[PDB]
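Visitor: give me a 3D structure for the following:
(3 chains)
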Amino acid sequence: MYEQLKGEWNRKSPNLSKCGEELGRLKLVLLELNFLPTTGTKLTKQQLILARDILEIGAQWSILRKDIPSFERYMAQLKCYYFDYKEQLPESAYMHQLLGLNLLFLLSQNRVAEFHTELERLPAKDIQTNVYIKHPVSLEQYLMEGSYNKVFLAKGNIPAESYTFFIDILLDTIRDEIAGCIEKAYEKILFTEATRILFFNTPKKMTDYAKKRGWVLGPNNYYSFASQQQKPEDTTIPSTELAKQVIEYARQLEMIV
Amino acid sequence: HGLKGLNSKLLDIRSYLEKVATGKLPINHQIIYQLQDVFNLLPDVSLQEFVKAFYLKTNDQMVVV
Amino acid sequence: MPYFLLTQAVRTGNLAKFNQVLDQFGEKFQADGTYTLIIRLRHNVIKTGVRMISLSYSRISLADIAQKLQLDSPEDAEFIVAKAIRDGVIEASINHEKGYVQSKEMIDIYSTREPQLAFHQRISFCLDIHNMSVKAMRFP
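Guide: Numbers count the residues shown, from 1 in each chain, chains lettered A, B, ... in the order given. The structure is reproduced below:
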């Protein structure tokens, strides 16, 4: 009870032992009573201050330890605790960047339909203030029109911690779209098109795509193979299904007598 | 039953060039090349068959629809 | 008065007027339950004209389309047209060799089985009215 509030978080967190103790702290809290009814009772809202705070510190530990399924696991239950039905609940000041962690994460795995339907819950924090939520929606605005490069240039400006586990997957799922645009049957380009389209004057990334894909620098020339289909068509070969399609016409005219 | 006799005539001409080509009875020569031009007379599918068929299947279809 | 003057600015390439509409009529937009337009309609501010050009022209130079879409750079004109075709705004294509954005094939929408598809939809609905009518008509 009242177990290790700021033991190995405020200074440094390289440990997994207190992560097992936070697991034991999860065993203590979710065996206190419950969180399901929440009828009144500010006294049982007292541990609701505690339970949200210890999952905030579990969320900070989850992104620090580079863990994908568990980060959304704790964040959902955090969102379930802002799904409180009887919400007196004085404002825990970590909420807005906590949503911005999820809002940037769920942009990164291309849940764009889930991106915009999450944005409904904020009345005026999107526009008036709150750079933590303003950063992904300005980012998602930059993905809209034509603006790839402003994403890669405004990477180096974060109000919070560096968001590194989000943005590198986020840029990597932009690189394959540029790749999937340039992996077409348009045959050959040069290394300067790699700098313009792909990115990066002479990187290790040109060695990356040399070993992952082809695109090998020959006599100052990249070779992308033809991704062109063959199109074997007769299109009278819908002859059985077309002869079938005529039959249920005359069937449905008749047969009800 | 117009088509049930199509293979019925064909199952007879099936069995003839089974039992004459297998090696039982002496071959006629007249019936062989008189069968040969049949196989070099069936139509095939082409682009001229293609665009024409949907030109007039649609035209038959419009009256129904 | 808001929405007609809204699409008045959308069809034009103007934005300082468009933000003037937002400051003028944001209260009604917030009252109508449509906060979300400002994040999603600024997308189609550039996508309206590039659909308009690809409907008008047939084989455009991407150098020329930058001034016509006032894009102020010929090099990202590959990227917007790449976003248009990957998302399927126009069925055109780019020659990444000398600036071509060439359009589709010749119109062949009568001798390529497509009139049969619409004709099957109208069979399957019209005689479906017939069978539903005959059952519904005779109760006694």
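Visitor: all contacts plus neighbour counts: C-alpha atoms, from now on.
Guide: Noted.
Visitor: tell me the helices and strands packed up against the longest helix along chain C.
Guide: In chain C, assigned by DSSP state H, the helix with the most residues is helix C:114-137. Counting contacts by 3 or more C-alpha pairs under 8 Å, 6 or more residues apart in numbering or on different chains; DSSP states H and E, helix C:114-137 is packed against helix B:47-64.
Visitor: that older thread, buried set for the longest helix of chain C?
Guide: C:115, C:116 (16 or more other C-alpha atoms under 10 Å in any protein chain shown).
Visitor: contact partners of it?
Guide: Contact with helix C:114-137 is made by A:249, A:253, B:58, B:61, B:62, B:65, C:109, as judged by C-alpha atoms under 8 Å, 6 or more residues apart in numbering or on different chains.
Visitor: what's the answer for stretch A:63-78, then?
Guide: A:52, A:55, A:56, A:58, A:59, A:62, A:102, A:165.
Visitor: again, 6 Å this time
Guide: Applying C-alpha atoms under 6 Å, 6 or more residues apart in numbering or on different chains, the contact partners of stretch A:63-78 are residue A:62.
Visitor: using PDB, list the CA coordinates for that stretch.
Guide: Extracted C-alpha coordinates of stretch A:63-78, given in PDB (Å, rounded to 0.1, in the frame of the first residue of the first chain):
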ATOM      1  CA  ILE A  63       7.300   4.600 -24.300                       C
ATOM      2  CA  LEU A  64      10.700   4.700 -22.700                       C
ATOM      3  CA  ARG A  65      11.200   0.900 -22.900                       C
ATOM      4  CA  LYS A  66      10.300   0.700 -26.700                       C
ATOM      5  CA  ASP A  67       7.200  -1.500 -26.400                       C
ATOM      6  CA  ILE A  68       4.500  -1.300 -29.000                       C
ATOM      7  CA  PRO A  69       1.500  -3.600 -27.700                       C
ATOM      8  CA  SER A  70       1.800  -2.500 -24.100                       C
ATOM      9  CA  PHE A  71       1.900   1.200 -24.800                       C
ATOM     10  CA  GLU A  72      -1.500   1.100 -26.400                       C
ATOM     11  CA  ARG A  73      -2.600  -1.200 -23.600                       C
ATOM     12  CA  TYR A  74      -2.000   1.300 -20.800                       C
ATOM     13  CA  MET A  75      -3.100   4.200 -22.900                       C
ATOM     14  CA  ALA A  76      -6.500   2.600 -23.600                       C
ATOM     15  CA  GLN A  77      -7.100   2.200 -19.800                       C
ATOM     16  CA  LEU A  78      -6.000   5.800 -19.300                       C
END
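Visitor: show me how far that stretch is from its chain's centre.
Guide: Relative to its parent chain, stretch A:63-78 has a centroid offset of 12 Å by C-alpha atoms, centre = their mean, to the nearest Å.
Visitor: that older thread, can I get the buried part of the contacts of helix C:114-137 as one PyMOL selection?
Guide: PyMOL command restricting the contacts of helix C:114-137 to the buried ones, with burial defined by 16+ other C-alpha under 10 Å:
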select buried, chain B and resi 58+65
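Visitor: can you pull out the strands in the stretch 101-250 of chain A?
Guide: A:188-189, A:222-223 (DSSP state E, counting those that start in this stretch).
Visitor: where along the chain do the helices fall?
Guide: Using chain A. A:17-29, A:46-64, A:68-81, A:95-108, A:112-118, A:131-142, A:149-153, A:164-182, A:191-193, A:205-212, A:240-253.
Visitor: try chain C instead
Guide: Under DSSP H, chain C gives helices at C:2-11, C:16-31, C:37-40, C:44-56, C:62-68, C:77-86, C:114-137.
Visitor: go through those helices and pick out the most buried.
Guide: Ranked by average neighbour count under the criterion mean count of other C-alpha atoms under 10 Å in any protein chain shown, the helices of chain C are headed by helix C:77-86 at a mean of 19.
Visitor: wait, does that one contact chain A?
Guide: Yes. Judged by C-alpha under 6 Å from any C-alpha of the partner chain, helix C:77-86 and chain A are in contact via residue C:80.
Visitor: dump that helix to CSV, restricted to CA.
Guide: Only the C-alpha atoms of helix C:77-86 are listed here, as CSV (Å, rounded to 0.1, in the frame of the first residue of the first chain):
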residue,chain,number,x,y,z
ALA,C,77,4.5,19.4,-58.9
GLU,C,78,5.5,15.7,-59.2
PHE,C,79,4.4,15.2,-55.6
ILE,C,80,0.9,16.7,-55.7
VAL,C,81,0.1,14.9,-59.0
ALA,C,82,1.6,11.8,-57.3
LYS,C,83,-0.8,12.3,-54.4
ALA,C,84,-3.7,12.8,-56.9
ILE,C,85,-3.1,9.6,-58.8
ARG,C,86,-2.2,7.4,-55.8
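Visitor: got the angle for it vs helix A:164-182?
Guide: Counting by axes from the mean of the first three to the mean of the last three C-alpha atoms, to 10 degrees, helix C:77-86 points 80 degrees away from the direction of helix A:164-182.
Visitor: and helix C:77-86 with helix C:44-56, angle?
Guide: Using the same axes, to 10 degrees: helix C:77-86 against helix C:44-56 is 80 degrees.
Visitor: centre of the chain to helix C:77-86, how far?
Guide: On C-alpha atoms, centre = their mean, the centre of helix C:77-86 falls 14 Å from the chain's centre.
Visitor: equivalent analysis for stretch C:94-105, please.
Guide: Distance, centroid of stretch C:94-105 to centroid of chain: 20 Å (C-alpha atoms, centre = their mean).
Visitor: find the pair from the contacts of helix C:114-137 with maximum spatial separation.
Guide: A:253 and C:109 (29.5 Å; C-alpha to C-alpha).
Visitor: and residue C:63, how far is that from residue C:101?
Guide: Applying C-alpha to C-alpha, to the nearest Å, the value for residue C:63 to residue C:101 is 10 Å.
Visitor: what do you get for residue A:146?
Guide: Taken as C-alpha to C-alpha, the span from residue A:146 to residue C:101 is 17 Å.
Visitor: ditto for residue A:102
Guide: Distance from residue A:102 to residue C:101, by C-alpha to C-alpha: 39 Å.
Visitor: can you get me a residue count around residue 90?
Guide: You didn't say which chain, so I picked chain A. For residue A:90, the count of nearby residues is 7 (other C-alpha atoms under 10 Å in any protein chain shown).
Visitor: um, chain C though
Guide: 18.
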